[PDB]
Structure formats: structure tokens, C-alpha cells
Amino acid sequence: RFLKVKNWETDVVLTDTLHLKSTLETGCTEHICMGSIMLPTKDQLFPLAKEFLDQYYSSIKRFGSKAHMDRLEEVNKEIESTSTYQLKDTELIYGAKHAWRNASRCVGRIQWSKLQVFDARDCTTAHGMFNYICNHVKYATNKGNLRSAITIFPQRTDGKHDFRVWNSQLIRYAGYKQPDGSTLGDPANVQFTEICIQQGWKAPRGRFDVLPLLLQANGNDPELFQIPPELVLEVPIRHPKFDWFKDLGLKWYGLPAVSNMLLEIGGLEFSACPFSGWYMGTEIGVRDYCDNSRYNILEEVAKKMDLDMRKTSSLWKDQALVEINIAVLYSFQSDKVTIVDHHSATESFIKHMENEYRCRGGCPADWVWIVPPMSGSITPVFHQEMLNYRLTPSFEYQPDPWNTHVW
Amino acid sequence: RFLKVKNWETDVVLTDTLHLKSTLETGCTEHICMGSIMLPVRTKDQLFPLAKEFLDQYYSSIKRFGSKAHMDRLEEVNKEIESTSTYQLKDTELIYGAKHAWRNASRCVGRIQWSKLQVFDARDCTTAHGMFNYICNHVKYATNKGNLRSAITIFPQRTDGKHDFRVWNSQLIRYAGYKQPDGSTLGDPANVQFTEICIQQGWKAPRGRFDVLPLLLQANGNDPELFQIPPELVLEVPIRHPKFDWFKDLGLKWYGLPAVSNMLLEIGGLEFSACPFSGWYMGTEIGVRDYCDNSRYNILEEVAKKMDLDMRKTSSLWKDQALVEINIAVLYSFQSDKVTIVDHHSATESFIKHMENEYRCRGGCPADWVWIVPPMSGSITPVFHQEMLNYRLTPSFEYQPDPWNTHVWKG
Ligand code: HEM
Ligand code: HEM
Ligand SMILES: N=C(Nc1ccc(CCNCc2cccc(NC(=N)c3cccs3)c2)cc1)c1cccs1
Ligand SMILES: N=C(Nc1ccc(CCNCc2cccc(NC(=N)c3cccs3)c2)cc1)c1cccs1
Ligand SMILES: C[C@H](O)[C@H](O)[C@H]1CNc2nc(N)[nH]c(=O)c2N1
Ligand SMILES: C[C@H](O)[C@H](O)[C@H]1CNc2nc(N)[nH]c(=O)c2N1
Ligand SMILES: [Zn+2]
């Protein structure tokens, strides 16, 4: 019931108790581990509300005060009457910061307490949503000095008036299937790109076309909006040694901003809650650029480097991978757009785990996601035992809106 | 019940039913995943069901389930258990059991090879000198002048737990480690404690950076005894780089034959506490882990200095650059000397084909993602993108406590 995690490089052992608070289920059982699977009423609501308010009042050292008891009663009376309740601003801020704190797949959580929370619960239309979003993009971008932020649209009601951003990230590139059978642009976004087109977007049909936003307010049909180009900070990718690299014509955007997740606080569900931070270099260089199902540029780069591509054992893929990632980091740094390398990010996360173990009694972490997609064992997280469990408030996956929406 | 796994690169979806045969527990529950935790004397009572389930599996594999031979064997094992408290495996069952323990090893990326395993039966062994001889024969056989062949040697099973056979070495061939008065380590830091036990037992340490450790062998629960492997049987590869001529002057080498000697083999309830097995290396084991772990040889700094990389900031990726060059060096060296090695690209590609094969013919393939994905260049290998289900099947290889922690010294 009290669990130990060991770091095998430093021998440091931590004891975890925080997991006993866990309420949600993992997918695993005593007989089978599913650690590597990507996706494993009035009655229901009051316990969820009480669990949340208890931790909130505990966090401000007011557990069991009249202010605590009164709030419990007020929310209780509100659920009984309205079948829902509203969070105070202070609770909403706390809940959003803790959903990040609890995100077991996030290596950047040393930052969790510095999150700017934009309350967009007064929003009613897609144009209103667009305005909030552009304001978020501009705030977070901060001319390259990126700042973490979340914008929180109205909470789920009867479920037929959902607010949704249809985009998977606020800023992402289009993918087009070609007459050839090849793919132009980002193949991850082919389907959404076609949804935009069929909704009415005039696609440039290039390699790096910023997708328009598709915004759904109040369960209404979603509407298209172009993000002002001036708000989309982009980085041309060059190499500090290889002159020819810039002629690959690579670029990426500076602001990573997830927009398809669901934020759960105190049993209330926020289906539109776009949040942003900044990139770890490997996300672009290893995953966006080198995944076979993504821009898949390893072949073209290795050719420019004149490496022996005859045999896998020459490690030509590995050599080309390192250079692509050097270029990504060099380009962002040269343009003064915030980025973190995997060495620095993982070192930070280890320090964060140690803070959380002493200040909180644990830190849920999903090793499969936390270890970087290159150079695993030369980062300290590789050698760190981690316990994965689900705490609330949380960010959760939700079905893509096009399978769900009734037009 | 059916469980599906998806490859996120190919969209190939697989359906697992083999997990239904799993009995041993994982460490995980509905409320906690322990998938990254390194480590998460039987009665007659528990023994016959274990034996029965094993023999049912064996008889099924040879297409003789329910035959007169199957039934007579069950009855004979039953009689042997209730009268002698244990039983003996037939040679064929032993071979089947050792191969299946490998087939079932969820942390093993080399399992495409599982059916080609040379099994040496050393159950007639009685003394440490007998064990030494068996082990030398195994090394010579497996080494085969560089053309490595997989093999396992199986010493007598546990009886009362007071007469265990044990190889104290963690691998048959491994380098010594020496902690100096100034707190630095000479040689391999992983083997410091074991090196210290060898010295105490009487080993004359050469005290260099790559001294092959003596074997420390325990027969029949007796105090272990020291033996030196004949150096002529220990194939070693000097490490050089195809382009960087200064690489050789780092003075690096490694042994060709990886041979695990500290695991326990469980077949039909029987426990084989000394069962050394060997195959060949995947390059990253040496180049990433043995050479570049901070707690091992730790050569990254010296390599990047010699490459004159920018080391002032981690964001130059000097470590990642030095890492690739060392791993190229390892593969180049082994290939040039004609010693079997597999690169992590080839090994993971083969594993994915193995795994798909197993899903089709066997109904599943238990795999531990944390272990299967190589320690460098993770996502450019196909396993990174493969969902895997981890569960425990018997026969199996298991960890066991280091023998110096539990041994009753006779003096
Ligand atoms: C401040 C800089 C941050 C860094 C460097 C960072 C780093 C990362 C990285 C690298 C991932 C893996 C993504 C992938 O492989 O697809 C991730 C996952 C995640 N992070 Fe962050 N993070 C940051 C800030 C944030 C913020 C501000 C939030 C929310 C408020 C957040 C919540 C998450 C969540 C929920 C996941 C998991 C997503 C999923 O399961 O698909 N992170 N983090
Ligand atoms: C034929 C060539 C083989 C290759 C390339 C290979 C590859 C590997 C590698 C790279 C590991 C991980 C080692 C580590 O990180 O510590 C491993 C684990 C393992 N393999 Fe193999 N393997 C081979 C043959 C064998 C054989 C012959 C057996 C036994 C009959 C075996 C049983 C295991 C077991 C039990 C583990 C898990 C060890 C542990 O949990 O500590 N493998 N395999
Ligand atoms: N369809 C897929 N499934 C899939 C499932 C889950 C996800 C989650 C990806 N999330 C994007 C993300 C989330 C969190 C952080 C980041 N990166 C960042 N640095 C930040 C974003 C926001 C704050 S920090 C990116 C992606 C694909 C595939 C993946 C690969 C090939 S296909
Ligand atoms: N003491 C540790 N704990 C630890 C726990 C388990 C293991 C297991 C190591 N197993 C060695 C091994 C096993 C299986 C295969 C190989 N390599 C091979 N290619 C083969 C060996 C035999 C057949 S194939 C090596 C090692 C250390 C630490 C490691 C790193 C920092 S601390
Ligand atoms: C199947 C496997 O779980 C999947 O490929 C995971 C592995 N680890 C990951 N880690 C991160 N950070 N992001 C991912 O998308 C993945 N993909
Ligand atoms: C804590 C973590 O589970 C530990 O470092 C593991 C990770 N994956 C591994 N994978 C392999 N093949 N070998 C290992 O020793 C490890 N170590
Ligand atoms: Zn698990």
C-alpha cells in the first residue's frame, strides 16, 4: 500500500502514497499490463464536487472551516436545484493548474504552477471563441518568449450544447492526398484538412499551410476562421554546420497548443479548453519530421549527408536523426523562440518528481511517454522507476467531434 | 475474451487470446500501472497442478493430447510426486520447456530465434569442478569462433532449497570493477561487489580496465569455488571506428558472448536455479548501455572531446552525437572480426515480424514495451509504434536473489 520507486543510476528511492487517492482506472489488471496502449447525473456529481472542494480547501489551509462547509452546502444546494454548479474563479484556476500537475504523460510539469488561465465561460458564439483564441495565441506567443496558458470555454450541460474546437492543435499544417498516391504536407491531418475543404476552405495546397480553425459554440455547426498570419510565429529550419539544410525548405511553428482534450474539474466537463506551453525539440525533429507516417524526411536528409544507406548497421538513420534535431534546436534558439532540449527537459522532470514526492507524496508518471523518442538511456528519466495512476482534476481524451456531431 | 493491439505506423491491428492462459501476476492493478518497475521449497499440493498444466502443453504441442502416452506420463509424474515429493523431466520435456521459457520471455527482443536453442543437459552434475567443465563446453560451443550459436546449460533442479546449484556470476563473461581509495572506479562499476567477493575468496586480481572475472560456482548447496575460464575460450573484440582513427586509442574492447547465468528457469513447477544461457549481442547493449551509462564505463565525455564537439551546452546534442559514433564503432568492429552481432534496426524489425507470426499461430506474444524499445533512436524503430501486452506465461525465466545474500556458509 506504500510503494517504492527507485532511480537505478543514482540509487535514490522514493516512497509513493499519493496513489491511494487515485479514483480512475488504469486499463491494467493483476494478469495483464496495458502500459503501452495509447487509449486504454445529480447522483454522480456531488461526490465528485465534494472530493474536489475538499482538496481545494485543504490546499489553502482551510479544511474544515465554516468557509469550507458553507461552500459544500452552496454547491450541494446548487446541484440539487440546477443539476449542475459553477466554479468560483479561484477554484477554476486551481483545477486547471492541477489537471496539468496530474498529467502523467507530461514531461514539462516542473512548470505546472505558472499557468495563465483565461476564463472564457461567458463565451456564446464561434466568433467569440475565435476572439478568445487569437487573444490566447498572442498572449502565449509573446513574440517568442512563450508563456503557458489555457483558455476555458463553457462547461458541458445536457451534452447537446457542447463547445468544441475541432482542430487537434490550434496551429497545425494541412495534409493533402495527391493524384500520385503520395501525400503533400502533414499526413496526420489529411482527414481534418478534407473536413475544412468540404466546409469551404480554399486550400493553398502546399507543404506547410496553416490550417484554419473550426470552431463549434453551443453544439452549433462549426465555422471556419483563419488565424491572423501575424499571430503565427514560424521558424525556418537551418543547420549551424550544413549549408544545404535550409534548401530542404523546412519550417515549423513556435506555439504548441492542444485543443481537442477535455478538462474535468470537480465532475464538471470542459470540452473546449485549448492549452499551450512550448516545445521539446524532439517533438518536431524526431516525431513530426522523422515518423514514417509524418513528414518522413530521414531518407532525403541522409542523401544530402552522403551517408552509406546500403546497410542499416551503418546507423545512417541515427546519424541523420541527430543532425535534424540539432538543426531544430539551433533554429529556434537563433530566432529566440522558446524551446527545450530533451536533456534539459528530462533533468527538470527528475527535479520535479523529487519536489512532488517530498511536498505531495508522489507524482503519477507514464514512463512510455516521458522517455524521449531519441537517446532514451542517456537521459535520467530512462533509469527512473515511475508509477502511473489517474488523479483528478485531469485532462482526458474525447471522441473527435465529426463522428459525434449531428449537423 | 479478445484484446486488440494496434501498430500506429502501419494500422495493423492484432487480437490476443493467449493472455487467457496467463496465471502469474504482473504487479499492476486497476488503479496502478507498475510497468516501469524493474523488479515488480514447494509442496506436493501446489506441484501436481503445475506439472499437469505443463504436460498438457507439451503433449498438445507434439499432437498427442489425450493419447495413451500422455495419460501414462501424467500418472507416472503423479506417482513420482506423491512418493518422492518431486519429479524428473524427460529430455524432450526439458528441451521443450527451455525453449518455451525463451519464447515466453516478454522482455526479450531476440525471440524470433526461440526455436533454435541448443540445450545442454547437465542434470547429472554433482561438483563445482563438474560445473566448470559444463560451462567451458557451453562457451566453446556457443562461441563457435565468432559464429555465435544460442545455447543453455541446465544444472540439477532445486530439491529442499538447501542444496541449490548456483553460478554466482551475473554473466559467465564479464569484466571486473575495482573501487579506489579516491572513490573512482577502475573497470566496470556494475561488477564492484562481485569483484570484491572474488578477491575475498582468493582471486588474484590483475586490476586493469578489462579483467575477465573468474567463475564462482556453487554445487549442491556447498560453498562456491573459483575457476578461471581458459582465456583461449574468451573471444574479445577490440573496438575501432571506420572513419575515426583515434577511436582505437581509447583502449576499448568487449567480449563477444553474452551469457546470463543468474536467472531461475521454471518448468512444470520445477526450479532450475543454475541455467546459464547465451545468444549474441544487439549493438546498443554494449555501445549505449555498457559504454555510455553514467554508472558503467561512462565514455561519452572523452569521445565527444576527441570529436571536438561543442560541449558547453547540452542543446548542441554532443552526447547524442558521440553516442551514434560509438555505436557505429561497436557494429563495425564485431562485423570486421566476424563475430555475430545485430543492430537495433534489424533486431526490432525482426521482432515485429516474430510478434505478428505469434499472434497468428499462437494467439499472442507477451511483450514488455519498456524493455523491447532500444535505448537509443527509440521512435525510428518499428517497436516504438507497436502496442504490446505484457503478461506472464510458464515455462519462464525469473529473477532470484543474489546468492551471497542468502547462502549459508559452511566454512
Ligand atoms: C511548458 C512547457 C511544456 C512542455 C515542454 C511540455 C512537454 C510535453 C511533452 C513533450 C508531451 C508529449 C506530447 C506528445 O508526445 O505528443 C506532453 C504531454 C502533455 N502535456 Fe505537456 N508540456 C508543457 C506544458 C503543458 C501545459 C501548459 C499543459 C496543460 C496545461 C500540459 C499538459 C500535457 C498533457 C495533458 C499531455 C499528454 C497529452 C496526451 O496524452 O496525448 N503540458 N507535455
Ligand atoms: C539470440 C540472440 C538474442 C538477442 C539478440 C537477444 C536480445 C535481448 C536483449 C537486447 C535483451 C535485453 C537485455 C538488457 O537490456 O539487459 C534480452 C533480454 C532477455 N532475453 Fe534475449 N536475446 C537473445 C537470446 C536469448 C536467449 C537464448 C535467451 C534464453 C534462452 C534469452 C532470454 C532473454 C531473457 C530472459 C531476457 C530478460 C532479462 C531480464 O529480465 O533481466 N534471450 N534479449
Ligand atoms: N493518431 C494518432 N494517435 C494519437 C493519439 C494521441 C496523441 C496525443 C498528441 N498530443 C499533442 C501534444 C500533447 C501535449 C503536448 C504536446 N507538446 C507540447 N510541448 C505542448 C502542447 C501544449 C502544451 S505543451 C503535444 C497524438 C496522436 C497517432 C500518433 C502518431 C502516429 S498516428
Ligand atoms: N543493477 C542493476 N539492475 C539490473 C537489473 C536487471 C538486469 C538484467 C540484465 N540482463 C543482462 C542480459 C539479459 C538478457 C540478454 C542480454 N543480452 C543478450 N543479447 C543475451 C544474453 C543471453 C542470451 S542473449 C543481457 C541488469 C541490471 C542496474 C542496471 C543499470 C543501473 S543499475
Ligand atoms: C504504442 C506506443 O504506446 C506509442 O507509440 C507511444 C509510445 N510513447 C510515446 N511517447 C510520447 N511522448 N508520445 C507518443 O505519441 C508516444 N507513442
Ligand atoms: C526504470 C526502468 O524500468 C529501467 O531503467 C529499465 C528501462 N528499460 C530497460 N530496457 C532494457 N532492455 N534493459 C534495461 O535494463 C532497462 N532498464
Ligand atoms: Zn500496467
Side-chain angles (χ1 to χ4, degrees), chain B residues 120 122-143 151-159 161-179 185-236 254-265 271-278 290 296 397-411:
Chain B
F120 296 109
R123 293 173 292 169
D124 62 344
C125 192
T126 69
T127 68
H129 274 85
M131 314 180 47
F132 178 67
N133 192 60
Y134 273 112
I135 289 171
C136 286
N137 291 348
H138 173 148
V139 169
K140 194 170 201 186
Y141 176 87
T143 302
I152 177 161
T153 290
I154 298 167
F155 290 102
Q157 66 207 49
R158 173 165 303 156
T159 50
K162 288 187 193 168
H163 289 74
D164 286 4
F165 285 68
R166 294 293 303 264
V167 176
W168 288 32
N169 311 61
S170 55
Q171 303 182 26
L172 302 178
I173 308 201
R174 221 181 178 186
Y175 297 125
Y178 306 99
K179 171 151 136 160
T185 306
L186 175 50
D188 187 346
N191 302 320
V192 167
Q193 189 190 30
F194 178 77
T195 304
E196 263 158 25
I197 294 174
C198 285
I199 295 188
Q200 199 203 145
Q201 298 309 301
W203 189 48
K204 323 289 168 160
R207 305 191 61 94
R209 186 149 79 127
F210 297 110
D211 302 334
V212 175
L213 283 158
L215 288 167
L216 199 37
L217 312 167
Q218 167 182 321
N220 205 237
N222 296 305
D223 293 352
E225 318 192 4
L226 280 171
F227 302 93
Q228 177 193 141
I229 311 158
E232 65 266 47
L233 265 37
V234 180
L235 186 58
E236 288 184 296
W254 205 255
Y255 50 89
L257 182 81
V260 168
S261 46
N262 63 355
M263 297 187 86
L264 179 149
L265 167 60
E271 292 180 303
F272 293 92
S273 52
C275 62
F277 61 91
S278 62
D290 304 329
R296 301 284 312 284
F397 290 109
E398 306 285 359
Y399 299 124
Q400 48 176 351
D402 283 332
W404 51 86
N405 287 320
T406 61
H407 187 73
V408 169
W409 282 94
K410 273 132 187 200

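Heavy atoms only: backbone and side chains are in, while hydrogens, waters and symmetry mates are out. Each chain gets a letter, A, B and so on, in the order the sequences are listed, and its residues count up from 1.
No donor-acceptor pair under 3.5 Å is formed between the side chain of B:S273 and the backbone N or O of B:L264. A donor-acceptor pair under 3.5 Å links the side-chain atoms of B:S261 to the main chain of B:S170, judged by distance alone. Under the 3.5 Å distance criterion, the side-chain polar atoms of B:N169 are matched with a main-chain donor or acceptor of B:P214.
The structure places CG of B:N262 at 9.0 Å from SG of B:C275, a figure rounded to the nearest 0.5 Å. Residue B:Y134 holds its OH atom at 11.5 Å from CE of B:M131, rounded to the nearest 0.5 Å. Note that OH of B:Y255 and CZ of B:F210 are 11.0 Å apart. Values are rounded to the nearest 0.5 Å. Atom CG of B:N133 sits about 8.5 Å away from atom SG of B:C125, to the nearest 0.5 Å. For the atom pair B:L233 CG and B:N137 CG, the distance stands at 8.5 Å (nearest 0.5 Å). Of the inter-residue distances, the one linking B:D402 atom CG with B:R166 atom CZ reads 7.5 Å to the nearest 0.5 angstrom.
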Can you list, pair by pair, the side-chain donor-acceptor contacts under 3.5 Å of residues 198-207 of chain B, counting residues two or more places apart and other chains?
residue: B:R207; atom: NH2; partner: B:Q180; partner atom: OE1; Å: 3.1

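The aromatic rings of B:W409 and B:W168 sit perpendicular to each other, their planes meeting at more than 60°, with 30° as the lower class boundary.
Qualifying side chain to side chain contact (heavy atoms under 4.5 Å, CB included) partners for B:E225, counting only residues two or more places apart in sequence or in other chains: B:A128, B:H129, B:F227.
Looking at B:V139 and B:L257, their side chains come closer than 4.5 Å, going by heavy atoms from C-beta outward. A heavy-atom distance below 4.5 Å is found between the side chains of B:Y178 and B:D211. At least one side-chain heavy atom of B:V212 sits less than 4.5 Å from a side-chain heavy atom of B:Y175. Looking at heavy atoms from C-beta onward, B:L226 lies out of side-chain contact with B:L215 at the 4.5 angstrom threshold. In this structure the side chain of B:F272 never reaches within 4.5 angstrom of the side chain of B:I152, judged on heavy atoms. Taking 4.5 Å as the limit, some side-chain heavy atom of B:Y399 sits within range of a side-chain heavy atom of B:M263.
Closest heavy-atom contact between B:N220 and B:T126: CB-O, 4.2 Å. Nearest approach of B:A122 to B:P156, heavy atoms of both residues: O-CD, 3.5 Å.
Only one option out of B:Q218, B:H407, B:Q157, B:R158 pairs with B:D164 in a side chain to side chain donor-acceptor pair (under 3.5 Å); it is B:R158.
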Verdict with reasoning, B:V167 to B:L172, per side-chain contact (heavy atoms from CB on, under 4.5 Å):
CA-CA 8 Å; B:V167 176; B:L172 302 178; 4.2 Å; yes
Apply side-chain contact (heavy atoms from CB on, under 4.5 Å) to B:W404 and B:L216, showing your working.
CA-CA 11 Å; B:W404 51 86; B:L216 199 37; over 6 Å; no
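A salt bridge is absent between B:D223 and B:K410; no separation between the charged side-chain nitrogens and carboxylate oxygens falls under 4.0 Å.
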